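Participant: Just dropping this structure here.
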Amino acid sequence: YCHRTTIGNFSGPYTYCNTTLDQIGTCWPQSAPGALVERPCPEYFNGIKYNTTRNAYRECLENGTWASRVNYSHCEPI
């Protein structure tokens with residue numbers, strides 16, 4: 001998993017979404033205040049191995065944080 005909350009060097013970008021980790025093995029770094037980020041759907045996290053097409057739309061609260069949206073509702077078990 002990913003940790004820490006900074007960029008390549010000390011003191012770089014402005015207030016952005018904190019580099020976090022959600023339910024799936026997806027690390028969400030500095031995106032943009034009020035910006036929706038997309039990532040591929042789960043590939044190998046369960047006993048099933050398939051469904052390599054859907055994605056995961058995550059929103060970045062304008063306040064400078066991360067949301068718990070994702071595209072699970074329209075994805076598949078995995």
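By order of appearance in the structure tokens: chains A, B, ..., then residues from 1 within every chain, and ligands from 1 in the order shown.
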Range 49-59 of chain A: which residues within 6 Å, counting only C-alpha atoms, same-chain residues fewer than 4 positions away excluded, as a ChimeraX atom specification?
Facilitator: /A:35-41,67,69-71,75
Participant: Can you list, as a compact mmCIF listing (two decimals) with C-alpha atoms, in the first residue's frame, all residues belonging to chain A that DSSP tags as strand (DSSP E)?
Facilitator:
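out33.txt, freshly written:
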```txt
# COMPACT_ATOMS: atom_id res chain seq x y z
CA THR A 20 -4.56 7.84 -0.19
CA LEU A 21 -5.76 4.27 -0.68
CA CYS A 27 -3.59 4.74 -4.52
CA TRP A 28 -5.24 8.12 -5.10
CA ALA A 35 -11.98 16.74 -10.27
CA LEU A 36 -13.19 13.21 -10.98
CA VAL A 37 -10.43 10.60 -11.34
CA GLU A 38 -10.84 7.28 -13.18
CA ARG A 39 -9.09 3.94 -12.63
CA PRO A 40 -9.55 0.36 -14.03
CA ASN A 55 -13.42 1.38 -14.24
CA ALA A 56 -13.71 3.39 -11.01
CA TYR A 57 -14.67 7.10 -11.00
CA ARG A 58 -13.45 8.84 -7.84
CA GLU A 59 -14.25 12.46 -7.01
CA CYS A 60 -11.85 14.91 -5.37
```
Participant: When you count only C-alpha atoms, which of these residues is closest to residue 45 in chain A: A:4, A:9, A:68, A:24?
Facilitator: A:24
Participant: What is the CA of residue 73 in chain A to CA of residue 16 in chain A distance in Å?
Facilitator: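 Distance reported for this atom pair: 26.4 Å.
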Participant: So the first atom is CA of residue 61 in chain A and the second is CA of residue 31 in chain A; what is the distance between them in Å, to one decimal place?
Facilitator: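 That distance, rounded to one decimal, is 10.0 Å.
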Participant: At what distance in Å, to one decimal, does CA of residue 29 in chain A lie from CA of residue 3 in chain A?
Facilitator: 10.0 Å
Participant: Choose the residue, out of A:64, A:77, A:34, A:47, that has the smallest atom-to-atom separation from residue 19 in chain A; count only C-alpha atoms.
Facilitator: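 Using only C-alpha atoms, residue 19 in chain A sits closest to A:64.
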Participant: Select, from A:43, A:7, A:18, A:74, the residue with the minimum atom-to-atom distance to residue 62 in chain A, counting only C-alpha atoms.
Facilitator: A:18
